[PDB]
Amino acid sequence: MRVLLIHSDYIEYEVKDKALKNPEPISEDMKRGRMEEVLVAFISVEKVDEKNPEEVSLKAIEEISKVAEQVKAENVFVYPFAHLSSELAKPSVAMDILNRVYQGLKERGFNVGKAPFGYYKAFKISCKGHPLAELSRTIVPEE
């Protein structure tokens, strides 16, 4: 798994259309979204992650939570982003792991939002530009 963390003033998205046959079902309201003073987590689930979804998810939750603590953010936004890596996990497993992370962060007590899985989306983001505003993590399960 590859994670790109951007501490932002805001994150806003707009769904264009589906990028695969079976995307996450969405209601009209889910086609757009926005969050402010938020740690945006762009995540690409890699095929290596298929080896142990729970393991990679738990570690991702931990790493993202720690960064959120470091940048002093209470809002986090999970953004499916297939283009951080070239070795992607199958859609079904990718969506599952992304939902695990999303739920795990909520379990830590954060205010979490997320964009729908399986769509092409336009987005706007404003990075704060502080020393820890842009960080990344490479997480691979081994168990």
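From 1 onward, residues are counted along the sequence shown.
Mean C-alpha B-factor is higher over 21-29 than over the other stretch, the pair under comparison being 21-29 and 126-134.
Averaged over their C-alpha atoms, the temperature factors of 89-97 and 104-112 are higher for 89-97. By the numbers in the PDB entry, the CA B factor is greatest at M35 among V40, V67, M35, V45. Among the modelled residues of its chain, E62 has a C-alpha B-factor that falls in the middle third, as given in the PDB entry.
Residue-level temperature factors show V140 in the highest third of its chain, judged at the C-alpha atom.
Ranked against the other modelled residues of its chain, the C-alpha B-factor of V56 as given in the entry falls in the middle third.
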